[PDB]
Amino acid sequence: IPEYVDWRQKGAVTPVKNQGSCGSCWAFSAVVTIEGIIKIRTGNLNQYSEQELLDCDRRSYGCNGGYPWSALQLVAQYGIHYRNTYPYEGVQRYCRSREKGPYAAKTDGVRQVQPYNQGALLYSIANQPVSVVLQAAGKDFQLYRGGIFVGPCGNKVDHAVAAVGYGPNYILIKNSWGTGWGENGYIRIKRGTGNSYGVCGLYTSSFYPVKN
Ligand SMILES: *[C@@H](C(=O)O)[C@H](O)C(=O)N[C@@H](CC(C)C)C(=O)NCCC(C)C
């Protein structure tokens, strides 16, 4: 597993988005991983629909949260539409998958990373972008604007994001705040603290899709 991984370099991550005033972090998280995995297999980099997860994941709660695992669970069964064809509106509405033609993509299943093990998280990110959670409500986090982030922060995770890289000292994360946040929309969180939870509770719950 190399000392460095950055999926952006191998053209596996799309531009950073802004979730706005809706708690659809869980959907944005899920989409980073789908978009990653499809490009890893097919060589194509496509933009996929956050809005659709938002509208169709019964099991989550639209704006004001849900679960990326649930979310990844739906593309495996059904599929997902391109972001062009099912645009983000930042409001939950009816599920219109149907109205929009055949799926653009389908995934083959979902897997969870062994929790509270840096090693296991690092291994997965070596293979493809992964869905992860952390505690984002503290003001140090919100105020971040470039930097190796070591907190302060607690372990009460409340915000799903995606890990798209790592270094000797950090894990790379794509946030769903604008491009105006942290590092052009990214955050480098310090690793190897040797805390099992991870900084801000980073190792609490990670998932990635499986495809052919
Ligand atoms: C993340 C975002 O800021 O959009 C979003 O609020 C979210 O999904 N939050 C939740 C995680 C899922 C359980 C919904 C949420 O529940 N908030 C508290 C998280 C844990 C229960 C502490």
# chains A, B, ... in the order shown; residues from 1 in each chain; ligands from 1
$ closest_atom_pairs --of "region 28-114 of chain A" --to "region 13-16 of chain A" --cutoff "9 Å" --atoms "only C-alpha atoms" --output "tab-separated table"
residue	atom	partner	partner_atom	distance
A:32	CA	A:13	CA	7.1
A:33	CA	A:13	CA	8.9
A:35	CA	A:13	CA	6.9
A:36	CA	A:13	CA	6.1
A:39	CA	A:13	CA	8.7
A:45	CA	A:14	CA	7.6
A:46	CA	A:14	CA	7.7
A:47	CA	A:14	CA	6.9
$ write_last_selection --atoms "C-alpha atoms" --output "compact mmCIF listing (two decimals), in the first residue's frame"
# COMPACT_ATOMS: atom_id res chain seq x y z
CA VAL A 32 -18.44 10.14 -3.95
CA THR A 33 -17.86 6.39 -3.59
CA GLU A 35 -18.46 7.91 -8.90
CA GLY A 36 -15.08 6.58 -7.70
CA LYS A 39 -14.32 5.20 -12.90
CA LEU A 45 -15.80 9.48 -14.70
CA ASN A 46 -19.43 10.45 -14.39
CA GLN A 47 -21.47 12.64 -12.05
$ residues_near_ligand --ligand "ligand 1" --cutoff "9 Å" --atoms "only C-alpha atoms and all ligand atoms" --output "MDAnalysis selection string"
chainID A and resid 19:28 60:68 133:137 155:161 176
$ closest_residue --among "A:125, A:153, A:72, A:34" --to "residue 172 (chain A)" --atoms "only C-alpha atoms"
A:125
$ closest_residue --among "A:107, A:117, A:179, A:49" --to "residue 146 (chain A)" --atoms "only C-alpha atoms"
A:179
$ select_by_dssp --residues "chain A" --states "helix (DSSP H, G or I)" --output "PyMOL selection string"
chain A and resi 25-42+50-56+68-77+118-127+139-143+199-201
